[PDB]
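All remarks here apply to the structure that follows.
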Amino acid sequence: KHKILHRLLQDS
Amino acid sequence: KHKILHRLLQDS
Amino acid sequence: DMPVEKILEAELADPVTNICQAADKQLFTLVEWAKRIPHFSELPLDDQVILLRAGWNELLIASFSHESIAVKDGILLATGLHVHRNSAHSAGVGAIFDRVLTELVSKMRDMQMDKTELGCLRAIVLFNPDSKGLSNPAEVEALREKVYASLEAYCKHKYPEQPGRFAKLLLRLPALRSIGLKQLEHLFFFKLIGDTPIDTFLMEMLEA
Amino acid sequence: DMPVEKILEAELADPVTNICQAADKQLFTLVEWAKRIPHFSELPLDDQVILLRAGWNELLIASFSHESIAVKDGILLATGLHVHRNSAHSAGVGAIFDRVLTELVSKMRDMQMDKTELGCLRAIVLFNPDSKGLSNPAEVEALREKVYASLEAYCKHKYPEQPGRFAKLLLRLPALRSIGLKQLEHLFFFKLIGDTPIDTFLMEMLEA
Ligand SMILES: Cc1cc2c(cc1C1(c3ccc(C(=O)O)cn3)CC1)C(C)(C)CCC2(C)C
Ligand SMILES: Cc1cc2c(cc1C1(c3ccc(C(=O)O)cn3)CC1)C(C)(C)CCC2(C)C
């Protein structure tokens with residue numbers, strides 16, 4: 001369920 | 001080719 | 001020149017079978033409306049045909065949507081009947097119907113869009129300079145620009161406390177664009193399967 | 001607050017296989033862009049996901065289109081290559097490609113749309129309060145309103161001789177809406193037939 005997008009948004 | 005529309009637009 | 005007063009004057013001139021019946025009726029009213037929009041009748045006849053064939057369904061959707069502000073969870077048709085979303089869902093068109101309620105009717109209701117604003121948005125849609133085949137796109141672009149200049153001036157005078165109102169009106173046009181495209185896709189399918197009566201004018205709008 | 005300076009900062013941070021390769025590359029850049037748009041990163045993570053899944057292709061189309069102003073009858077890809085319309089036509093996607101050239105690139109060129117205006121239009125698309133599932137549509141609507149207030153003020157200061165410029169920018173959004181929908185339909189077909197490599201991020205954007 002949108003793995004890559006979550007992975008990129010969550011990291012600062 | 002758009003008979004009704006032409007018929008309605010042309011008449012005043 | 002493009003006075004909002006004239007635009008307002010123009011304005012104030014199974015479930016799916018009911019809806020298609022109402023659409024065919026309103027296409028005759030739409031032609032009469034467009035002729036009353038300043039300068040539309042002075043365009044070349046072939047360009048008037050192009051603009052109405054390009055915009056008719058968005059023009060119709062904007063109008064019934066605004067007329068539906070006082071309907072609870074439904075729309076008011078040109079024939080005077082209501083269609084409730086339960087009935088739309090039970091006819092197999094619930095998703096596109098709910099988009100009309102959520103993105104158009106409810107937003108027009110919440111901002112209390114008035115009939116002059118509706119008419120001006122309708123005239124901006126009509127004067128669509130991207131329509132293919134126009135003999136002079138720049139002429140249509142210029143008329144569109146006159147409408148939205150007049151609309152902005154009207155909004156700033158009538159609703160001075162809402163500086164964003166003009167932009168808010170224009171930013172319903174992408175939703176109208178998307179809803180129109182999906183509505184048209186459904187209508188082409190109804191025509192292909194042949195189980196829904198489609199009257200002559202609505203049918204003609206589905207010709208190439 | 002929503003300063004155009006910050007929006008600009010965010011901005012300045014077979015043929016179909018080439019195009020899909022470029023799109024996948026640019027999706028990583030798009031996430032980095034959105035995080036730099038004021039207040040986007042303060043939305044709930046699930047809402048950031050909703051807004052990017054709803055707008056990604058329109059956001060990408062707006063960007064390459066603007067980057068293509070200096071290309072003759074073609075587009076500039078994120079990979080640095082050009083795609084000429086002859087090549088797009090020879091790949092079976094000539095009609096949608098020509099719409100990008102006519103309705104977006106050529107209009108951005110003719111009005112000399114600048115990068116601040118492009119960024120603000122991009123942020124208006126991003127903050128799409130019609131996106132389904134948002135936890136608080138009103139919050140996203142409020143951010144959209146801040147962007148278009150800032151854009152209008154920028155246009156009036158920079159282009160005082162063009163009172164209609166702000167409306168003209170917003171009135172490219174229905175075309176962007178329609179072009180995005182048709183582009184997405186083509187991409188879903190490429191995925192179904194399976195003869196076009198689609199990389200991981202672009203593929204994920206085609207999940208339910
Ligand atoms: C024909 C048509 C079909 C549909 C719709 C709208 C119309 C149109 C229309 C136009 C005018 C009027 C009227 O004034 O009463 C009513 N309907 C063409 C726009 C919606 C969006 C409701 C979704 C469902 C389907 C059934 C696909
Ligand atoms: C994937 C995709 C496919 C297509 C297009 C756009 C893209 C997208 C894209 C995004 C970014 C970039 C880039 O930055 O270089 C390039 N392309 C997704 C928007 C257009 C509209 C050109 C018509 C033809 C097809 C082949 C259907």
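Chain letters run A, B, ... following the sequence lines, proteins first, then strands; residues in each count from 1. Whatever order the structure lists them in is the order used to number ligands and atoms, beginning at 1.
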Open item on the list: Quick check on contacts: which atoms of ligand 1 are under 4.0 angstrom from a heavy atom of C:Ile19?
Closed with: 2 (C), 3 (C), 4 (C), 7 (C), 16 (C), 17 (N)
Task: 4.0 Å protein heavy-atom contact status of atom 25 (C) of ligand 2, strictly under - done: no
Open item on the list: Taking the basic N atoms (NZ, or NE/NH1/NH2) and the acidic carboxylate oxygens, is any pair closer than 4.0 Å for C:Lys35 and B:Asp11?
Closed with: no
- [ ] Kindly give the heavy-atom pair with the smallest separation between D:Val4 and D:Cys120, and that separation in Å.
- [x] CG1-SG, 3.9 Å
Task: Pairing of D:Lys6 and D:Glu9 as salt bridge, 4.0 angstrom limit - done: no
TODO: Would you check if the side chain of D:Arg122 reaches a backbone N or O of D:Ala34 as a donor-acceptor pair within less than 3.5 Å?
DONE: no
TODO: Number the atoms of ligand 1 from 1 as they appear, then name those within less than 4.0 Å of a heavy atom of C:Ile61, with their elements.
DONE: 19 (C)
- [ ] Using a strict cut-off of 4.0 Å, indicate which atoms of ligand 1 neighbour a heavy atom of C:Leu77.
- [x] 15 (O)
- [ ] Check each atom of ligand 1 against the heavy atoms of C:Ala22 and keep those under 4.0 Å away; list them by number with element.
- [x] 13 (C), 15 (O)
Open item on the list: Looking at atom 19 (C) of ligand 1, tell me if a protein heavy atom falls under 4.0 Å from it.
Closed with: yes
TODO: Starting from atom 1 (C) of ligand 1, find the nearest protein heavy-atom neighbour and note its residue, name and distance.
DONE: C:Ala23 CB, 3.8 Å
Task: Identity and separation of the nearest protein heavy atom to atom 21 (C) of ligand 1 - done: C:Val100 CG2, 3.7 Å
Task: Closest contact, heavy atoms only, D:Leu187 versus D:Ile198 - done: CD1-CD1, 4.2 Å
Task: Protein contact of atom 16 (C) of ligand 2 - nearest heavy atom, named by residue and atom, plus distance - done: D:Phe64 CD2, 3.7 Å
Task: Short side-chain to backbone donor-acceptor contact, D:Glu204 and A:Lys3, under 3.5 Å - done: yes
Task: Options D:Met205, D:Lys182, D:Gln183, D:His186, ranked by nearest heavy atom to atom 6 (C) of ligand 2, top entry - done: D:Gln183
Open item on the list: Polar contacts were defined as any N/O atom of the residue lying under 3.5 Å from an N/O atom of the ligand; does this apply to D:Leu202 and ligand 2?
Closed with: no
Open item on the list: Test your reading of the model: is there a side-chain donor-acceptor pair from C:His82 to the backbone of C:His84, 3.5 Å cut-off?
Closed with: no
- [ ] Quick one: look up the protein heavy atom nearest atom 13 (C) of ligand 1 and list residue, atom name and how far away it is.
- [x] C:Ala78 N, 3.7 Å
Open item on the list: If we set the cut-off at 4.0 Å for heavy atoms, which region of C:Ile96 has an atom near ligand 1: side chain, backbone, both, or neither?
Closed with: side chain
TODO: Taking C:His66 for its side chain and C:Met108 for its backbone only, find out whether a donor-acceptor pair lies under 3.5 Å.
DONE: no
Open item on the list: Whether D:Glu141 and D:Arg144 form a salt bridge (side-chain N of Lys/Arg under 4.0 Å from carboxylate O of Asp/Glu) is what I want to check.
Closed with: no
Open item on the list: Just to confirm my output: which protein heavy-atom neighbour is closest to atom 14 (O) of ligand 1, and how far is it?
Closed with: C:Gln26 CG, 3.2 Å
